[PDB]
Structure formats: C-alpha cells, structure tokens
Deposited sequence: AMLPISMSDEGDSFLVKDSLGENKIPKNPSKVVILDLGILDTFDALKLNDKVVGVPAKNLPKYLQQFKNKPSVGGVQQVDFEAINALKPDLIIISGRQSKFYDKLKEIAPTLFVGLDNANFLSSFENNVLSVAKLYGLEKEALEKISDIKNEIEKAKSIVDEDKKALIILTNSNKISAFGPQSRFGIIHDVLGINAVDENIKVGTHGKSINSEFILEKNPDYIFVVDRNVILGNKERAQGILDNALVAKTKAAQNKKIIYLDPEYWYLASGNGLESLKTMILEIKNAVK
C-alpha cells in the first residue's frame, strides 16, 4: 500500500506528507502547475481553473481544451523545466510519470505527488481528490462529487454478468500488450467487478507483450482496448485488431470489442473527478 497523502493545518498553510516527501503548501495556492491530467480535471470540476498557471499542452486532452488558454510546461513525459521556473509557481502537482524528477521540481516549488495506487485505486483516488480539495476549503463539494461517483460504481457493479470475462489490452505501433487486475486499468476488474479472462497477467507500466493468437486462445467475452497510438500521435488499434483471429472471439461475435478513450484511460488514468465518472459510465454503457 502506497503511503497516502497526510496533512496538518498550519494556519496560513498545510504541512503535507506524501510518498515522495513533505512540503509546506500555502492555503489557496493561486499559481499551480499541474502535470497530472486527472488532477487538472478535478481542478476544473471544483471551479479552480483560475488557479492553474501551467499545463502539459503537448498532451492536453480533447476533454480539457478549456486549458489551451494556459502557458505550456511541455509534455507529461517531456517536462519543460525552464518554463516551470519562469512561471514561479507556488505549487507543482505530479504523479508517476514525473517521480524521477522530484528533486529538480521541488527545488523550484513545493511539489505534491498524487499518484494512484494500483492495488488500492479507490482509497488512493479519494485521498488525492480530498487532499487537493482541502487546500481550498472545498472538501464538502468534493465529497458530494465522490459520493455521486460511488453511486455509479454501485449501479455498474449490479448490472454485471457473473459469467463473462474481459481482457484489457493496449495497442501501440503494431504491438499489443495485456493488463489485468491490480494494473493501471484495473478498475474494470477490481472496482467494477468485471471478471478477468486471465488472472495471472503480470502487472507492468506498459503491459505485457501478447498477440492475437493469445487473444483467441483466451477467448474473452469482452475486449477493452486502450489505443496508445492516439496519445503518441502515430496508425490505429482498429488496424492491428482487424484480423481473422480476433474476429472469431466471443467479444467480436457479440460486438464487445470496446475502444476506450485513451485520453481518459491512459493519460488521465481516472485520477480526476471528471475522468473517473466518465470512465464508469463508458464501461457501464459498453456492457449493458
């Protein structure tokens, strides 16, 4: 279990511990650079857009184009450190993609880690949202939003077929890899109750290498596809999965090859009030 975010009220600020370290963070930071696209969407959901002074515009999702106003701090894998310095932020918010540059970032300004725990998605998700909301006095609003998300989870959990199995896959160039429970997309199995065609897929950040022979041998009832091409600006998932083998699966037969929106699933990783809700609905609409 990843250490949670913990905070102590210091009057004009909070003293804040997370899994990478500790920071004094002002109440109401007014100049926040945000490198997690999920948190950006939480900032939008809580009407905190004017607090955001820089975003990774090379990877700004279509669903967050209201932020194309903001100065750019590069990409999520290509941080523009000079632009971050030059903006003189009072807070920087990162997740897993920037952990290795923690120290550089913290030299510049207080740097908060809001990564998701793959083994405890929901508790880490609520902890991230609330920790952010608490900086602004908005815990009440945030908890209401979270409670709405949980009604969706409970509903979605109910319309679930106990006898059908899913495979989660990610496509990239002409390469497929597999994800299962406890992975960066595990909410599908771990939270929404959809069974896994294969319980022993080793968790890895960009998945474990497979091919279409594997997909047909497993013969899942659903295939959830996350097309990383779209994120990288590349060809498409429909290409590599247009083959005779995939076409024979139960998932093809029953029109359950579901292309998940990668901006939400890959980039945001469901780490926001908006993305997570949309993602619950997407799965719910794709499986009923």
Coordinate gaps, deposited numbering: 235
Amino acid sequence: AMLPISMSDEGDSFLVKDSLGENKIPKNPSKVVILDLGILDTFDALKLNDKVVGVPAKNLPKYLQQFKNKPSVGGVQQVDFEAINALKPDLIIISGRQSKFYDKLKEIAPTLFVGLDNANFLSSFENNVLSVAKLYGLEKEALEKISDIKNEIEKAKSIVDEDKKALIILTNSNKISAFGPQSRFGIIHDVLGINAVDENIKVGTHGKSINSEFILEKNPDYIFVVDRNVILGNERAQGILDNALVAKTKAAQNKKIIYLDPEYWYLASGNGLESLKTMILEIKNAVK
From here on, numbers count along this sequence of modelled residues.
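Here, rigid core means the biggest group of C-alpha atoms that superpose within 1.5 Å across both forms.
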Which of 206 to 214 and 85 to 93 lies farther from this form in 5 other deposited structures of this protein, as RMS of C-alpha positions after a rigid core fit: 206 to 214
RMS Cα shift after core superposition in 5 other deposited structures of this protein, winner of 185 to 193 and 152 to 160: 152 to 160
Average Cα temperature factor in the PDB entry - higher stretch of 237 to 245, 216 to 224: 237 to 245
Of 150 to 158 and 186 to 194, the one with larger mean CA B-factor: 150 to 158
Third assignment of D117 from its chain's C-alpha B-factors: lowest
Record-listed C-alpha B factor of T42: chain third: lowest
For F81, the third of its chain into which the C-alpha B factor falls: highest
Where the record places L48 (Cα B-factor, split into thirds across the chain): highest
Assigned third (lowest, middle, highest) for the C-alpha B factor of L167: lowest
